[PDB]
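Chain and residue survey
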Amino acid sequence: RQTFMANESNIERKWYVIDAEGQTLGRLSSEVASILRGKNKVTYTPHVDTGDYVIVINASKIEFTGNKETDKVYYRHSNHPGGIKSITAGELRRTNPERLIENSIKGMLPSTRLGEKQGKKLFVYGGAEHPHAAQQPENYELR
Amino acid sequence: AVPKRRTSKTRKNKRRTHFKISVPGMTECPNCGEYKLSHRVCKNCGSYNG
Amino acid sequence: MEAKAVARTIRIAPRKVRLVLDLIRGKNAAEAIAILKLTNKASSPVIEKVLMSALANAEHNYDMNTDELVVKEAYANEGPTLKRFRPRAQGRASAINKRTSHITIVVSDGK
Amino acid sequence: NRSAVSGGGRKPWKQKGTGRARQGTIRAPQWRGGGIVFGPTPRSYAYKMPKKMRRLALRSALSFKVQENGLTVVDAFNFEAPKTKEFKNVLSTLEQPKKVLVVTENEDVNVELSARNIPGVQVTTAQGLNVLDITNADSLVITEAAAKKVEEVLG
Amino acid sequence: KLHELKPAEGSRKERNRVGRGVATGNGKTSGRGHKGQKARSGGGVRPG
Amino acid sequence: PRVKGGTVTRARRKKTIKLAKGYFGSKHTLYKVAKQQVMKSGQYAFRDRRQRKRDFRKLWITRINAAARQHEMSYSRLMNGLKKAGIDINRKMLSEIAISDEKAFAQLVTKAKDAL
Amino acid sequence: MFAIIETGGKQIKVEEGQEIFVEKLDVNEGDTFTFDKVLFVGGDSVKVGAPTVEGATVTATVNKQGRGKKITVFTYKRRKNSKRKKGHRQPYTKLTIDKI
RNA sequence: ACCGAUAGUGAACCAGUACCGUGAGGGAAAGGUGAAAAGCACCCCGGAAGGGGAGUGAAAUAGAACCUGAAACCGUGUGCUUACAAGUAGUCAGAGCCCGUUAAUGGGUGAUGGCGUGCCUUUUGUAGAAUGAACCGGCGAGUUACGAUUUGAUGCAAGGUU
RNA sequence: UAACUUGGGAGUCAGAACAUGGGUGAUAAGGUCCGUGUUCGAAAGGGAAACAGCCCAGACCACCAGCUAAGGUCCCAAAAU
RNA sequence: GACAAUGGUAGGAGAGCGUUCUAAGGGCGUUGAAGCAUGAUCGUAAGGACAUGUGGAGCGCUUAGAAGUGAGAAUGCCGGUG
C-alpha cells in the first residue's frame, strides 16, 4: 500500500569534503561508503542512488595501525600465466594514496550497476586541494 | 566437430548482421541518360566517352 | 491507391532473394529498375519482371503517374519445397531442399 | 491386436549398432499402422436378476402410473380393418398425452396396425409388458379384459 | 420418469483407472512400487 | 466408442502457452519450455510473496534509523524507549511520520528519551 | 492533518477524503463505519500520540466490498511427482474517509 | 450405445500396386472446389509460369496444390527498450514512456534493486560432467472373458436360486 | 490419547551423515560391521560464504502487521563504532 | 460457536473435472452450429462461460448409462519444419 519511493525527479545530491588527516583507512572508509551509498537520508530507496558526492583530501596523511606499513600486501593478477603483481601499503601510501583510498572504499560498496555508478561519486585527492570549488562542497566530519 | 547446442534464432540474426550486400556504385550516363555503372560502358546506348 | 504484383513459386531459395530485396525497399521506383539491372546477383532479373509488372499495373487498370512511385513494400515468402536426394558414401543418403519463393512488390504514390 | 494386423514378423533392423531405438516389428502399438493394445472385444452385455425382483419392478412400473393418473381403463376396441384415423381420433378424445401404451388382452391385429404409425403410440399385450415401456410412456390405455390378465399373472 | 434416474446410494462407484497422472495417486508406477518381479506385466510368484 | 480426443490437448496447451508471454525467446513459444518456466514462475511467486514481507521490514528499519541518527539516537535505543513509553504505533511500517511530518517525529523522539 | 489508526492487525495512515482498502469488515454497502482504535493524530496543527487516543475517531464511509484479483498459488517438488495448485481471491472493503 | 481417412481391411484413391530383393518374400503413400463447371470471355505486364483488373458465383483469402486451416518455422511494419555489461533468463519491488479493457485496486514496455544452478528417470545422494528428449502436431501403455474372495446395494429369508 | 482383535489393499528387503558404546583397520579413511538417538530419505524456511545428513525450526492460503529461536549488530548486509 | 488439524515420496482412502457414444427430457442453429483465432472474464483445481473476427452445417444443456476416456518424456512411430 503506502510507502514512499524516490524518483529521478525527486532526488537531490549534496557534495561533502572530509580530511583524512589522522584517520585510519578502514575507519574512514566505512563512514564514507555509507555516505556514498546514501543510507543516511530518510528517503533511502534500494533501487535508485540517493547517495551524495564525497570529496576526500589529504589522502597522503592517512594512518595504518600496527605493522601494516610493510605487511598488508595488495595483490593483482594480469590474466597472463604468471602475471601476479604485488605492492605494500607503505609503497602505496606514498606512491599513489588516491588509489589506496579508492580501493579501500570501493571494496565496501555492492558489486552491481548501481554500485558501480555510486563508486564514481567518490573524488579522492592527496594534498589539501581539489578542483571541485564550483560545487559548494559542504564540510562534513566523521563520527 | 558437431554443434553442442542449437543456435538460438537471436544469435542467428546477430551473425547475419553483416551478410547484407552493398549498392552497385552506379551513376547517370551523360549520354544515355539512364543509369550506368561507373567506369563501365553504357549497356543502353553507345559509347563510354573517357 | 497501392498497386502490387506477385510472382508465386519462383525457383530460388527465399533467403537468397531477400538479399536483393533489401536494396530496392523504399527507393524511388525510377532507381530500382537500374539498381536491379546493375547488380551481380541472380535473383535480380526475376525481380525486375515483378517490379515492371507492378509498375505496369499502375498506369493500366488504375491511373497513376509512374514517376511518383516509391517501392513501398517488397518482400518474399516461402513456397513449396522440392525435396530431392544426394547419395553420400557408404550407402548414406542426404536430403536436398530445392526451395521456392513468392516475390511480392507493392508500389505506391504516397496519396 | 498384434496377432491380427497384417504383416509383422520381421525385425526392422539389428538389435545393436544402429542409432535408432530397438524395435521388434512394424506392427507394435506405437507404430503408425500397428495393432491395438486393448479395446473393443466382441462380447455381450445381457445379465439377469431374481424373478421376484423382476415381478417387483414390473409392479412398481405400474404403481407409478396409478400414483399419477397415467392409467385409464377402457373396453375392448372394435375395428373391421386397421385404420389410423379413428384410432388417433379416439386417442385425442380421451385427453391423452403424446406417448400412450395401449395394453390389450391378447395380440390384436385391428389395433397394432392402426396404432403403430403414430409418433408415440406403442401397442403391446399382457404377455409383453416391459419395465422399460411402462415407464417410457406417461398414459396407459388398457382394456377391461387385459387388466384382469395382468392381475392374475403379476404377483 | 426415464430422465430422472438415480440408483441407490452406495451402489455404484467409478472404477479405479490407474496410469493417468500424479494427482490421482496411481499415476507413474500405477500402484506397483518400483523395480522387481511384482512390477512387471504378468510378473508374479504363483500362489502358495 | 472411439474417443479420438484432440480438441482438449490443444486447449490446455494454449492455456499454458498464453500464461508465459513476455518471456525471452522460445520460453514464450514452445509448450515444453513454457510449461517449465510457468512452474518455476509459480514457485518463485510463492516464495517472493513470503519475502516481500521481509524486505520492506528492513527498508523501514533502514530509514527510521537514518532519521533517528539525526537527533543523535540509534534505532535500537529509539525502539527501546518507544516500547517502554507505551507509544506503540506500527513503528516500522509507519516510517512515513519520519518523512511527512518531521515535527511529530521530534515529538516521538523526545518521548522516547523521556522513557529513556 | 493525518491520523494513524489500527483496523485489521495493521496500522494505517489516513487523511480527510482518502480511499482506503482494508480487509473485510463486518459492515454492509454504503453504511458508515467509525474506527475506534486511533494511535496518532496530527500532521499540521496538533500533535497527540499516545498508547491510544480517546476521541476524534475517524468517521469513514463504507464504499465497496469485493474480492481482489485471483492469485494462483502453485508449488511443486522436483523429481518427486508432487505439485499443488490453489486459487485465492482476498476479500476486502474500500472506505472513504469523512472526518477525524 | 462399431471406424470415420495416422482410424476401419495392407488397400475409401487404378493396392498386393510404386518400390525393395537372385529368389522365397516384404510393401507403402495418396479422399473433400461449388447447388450447378457456370472451371475465369476480354484488357494490361511478361518468352512463358505467374500476376493485376473485368467477369461467373451467395462466396475466388471457394481457381482443379481448390471445405475449415492450428503449431513448429520464415518473413514485413511498427509502441516501449537495448552498445561498461558476468545473465536456468524468471519472480517481488519500481521510475519513466505508450495505450484504453469481459471496467477492475486497467493493458504494454521495463532504467534499477532483492531472491534465484531447467524437467524427467534412477538413486543414500544428481545443478549435475549419470539417463532421455532439436522443435511442433497426431498416434502410443492395468483391458476383456470365465471362476474365487471381500466390501456396499437390493430381493426374499430356513430357506435362496435357476 | 491411544492399545488390541478380526478382515480388504499395500509398499519396503541398495540406506546415508552426525553424536555416542564397541569389533576390524594403523586409537587411517566421507572405510567397514553391530548397539543407541536424531536429521535426510519423504522437509520447504533462518544460520554454517556456497554446502541432502551440522545448529534453529516442521510451509492450509492472503496481508507494504507484532514478538522471538539459532545466529548476530564497522561497510558489502537488517541491528551496538 | 468453540476448540483441534491441514509438509510429504512408495502406498491406502475419498470427492470431483473433462472427451466420445447412448436413452429420456427439454433447447439452439443460415437473423449463422462445430471448429479456429482474440481478449483485460468466472470457480479452490481439473475447468466454464461471454464478446469479437473467420467459418459455412450441425451442435449443446439435465439425469442416468457405456468406454479405444486425458500424453512431456518410452535412443517411441509417422508427418512438417528449423
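Residues numbered from 1 in each chain as written, not as in the entry; some residues may be left out. Chains lettered and ligands numbered in written order. Part of a larger assembly, values for the part shown. Heavy atoms only, no water.

Comments concerning the protein's contact with RNA strand J
As a matter of local geometry, RNA strand J sits amid 55 residues, with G19(D), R17(E), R12(F), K14(F) and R67(G) nearest to it. For RNA strand J, the fraction of protein-proximal atoms (within 4 Å) that sit in sugar or phosphate groups is 68%. Contact between RNA strand J and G31(E): a phosphate oxygen at 3.1 Å from a main-chain N or O atom of the residue. Separating a sugar or linking oxygen of RNA strand J from a backbone N or O atom of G87(G) is a distance of 3.2 Å. Of all the secondary-structure elements, those providing two or more residues to the surface near RNA strand J are α1 (7-17) and α2 (31-68) of chain F together with β9 (82-88) of chain G. With six residues, the single largest contributor to the surface near RNA strand J is α1(F). Counted by class, the surface near RNA strand J contains 11 nonpolar, 17 polar and 27 charged residues. (Near = heavy atom within 4 Å. Polar contact = N/O pair within 3.5 Å; in protein donor to acceptor, adjacent residues only side chain to side chain. Helix = DSSP H or I, 4+ residues; strand = E, 2+ residues; numbered from the N terminus. Nonpolar A, V, L, I, M, F, W, Y, C, P; charged D, E, K, R; others polar.)

Focus: the packing of helix α1 (residues 14-24) of chain C against helix α2 (residues 29-38) of chain C
All names here are of chain C. In contact at an axis separation of 9 Å, α1 and α2 are set at 145° when each is read in the N-to-C sense. The handedness of the crossing between α1 and α2 is right-handed. From α1, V20, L23 and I24 reach across to α2, where they touch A32, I35 and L36. Across the contact of α1 with α2, the residue classes break down as six nonpolar, no polar and no charged. (Axes fitted to C-alpha atoms, helices over the stretch in contact; angles between N-to-C directions. Left-handed = near helix turned anticlockwise from the far one by under 90°. Contact = heavy atoms within 4.5 Å.)

Digging into the interface of chain F and chain G
On the chain G side, the residues contacting the 20 residues of chain F number 18 residues. Where chain F packs against chain G, one counts one salt bridge. When the shortest N-O distance is used, the salt bridge between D101(F) and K47(G) registers 3.3 Å. Of all elements in the fold, only α2 and α4 (102-115) of chain F reach the threshold of two or more residues within the side of chain F that touches chain G. The element that contributes the greatest number of residues to the side of chain F that touches chain G is α2(F), accounting for six residues. Its residues placed into classes, the side of chain F that touches chain G shows seven nonpolar, six polar and seven charged. (Salt bridge = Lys/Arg side-chain N within 4 Å of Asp/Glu carboxyl O.)

What to know about the pattern of salt bridges
Applying the stated criterion across every chain yields a total of 14 salt bridges over all chains. Residue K83(F) pairs with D88(F) through a salt bridge whose shortest N-O separation is 3.5 Å. Under the relative-accessibility criterion, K83(F) is labelled exposed at 59%. When salt bridges that share partners are traced, they join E2(C), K72(C) and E73(C) into one network. (Buried < 20%, exposed > 50% of the residue type's maximum accessible area, 1.4 Å probe, protein only.)

Considering the sheet that holds strand β5 (residues 38-42) of chain G
Residue and element names in this part refer to chain G. Reading across from one edge, β2-β1-β5-β6 is the order of the four strands in this open sheet, with antiparallel pairing throughout. Both edges of this open sheet fall to β2 (11-14) and β6 (48-49), since each of them pairs with a single strand only. Note that strand β1 (residues 2-6) and β2 share four bridges and pair antiparallel. Residue pairing in the sheet places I5 in a bridge with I12 of β2. (Pairing = 2+ DSSP bridges.)

Re the state of the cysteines
Put plainly, a disulfide is one covalent bond tying together the sulfur atoms of two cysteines. All names here are of chain B. Using the criterion set out here, one finds one disulfide over all chains in the structure. Across the disulfide from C32 sits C42; the S-S distance is 2.0 Å. Of this pair, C32 sits in the loop between β1 (26-28) and β2 (35-37) while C42 sits in the segment after β2, placing them 10 residues apart in sequence. Each member of the pair, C32 as well as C42, carries the same accessibility label: buried. (Disulfide = S-S within 2.5 Å.)

Side note on the arrangement of the chains
Most contacts, when the seven pairs of chains in contact are compared, are made between chains F and G. Between chain A and chain E there is no contact, and the shortest C-alpha to C-alpha distance separating them is 37 Å. Separating chain C from chain E is a minimum C-alpha gap of 39 Å, and the two share no contact.

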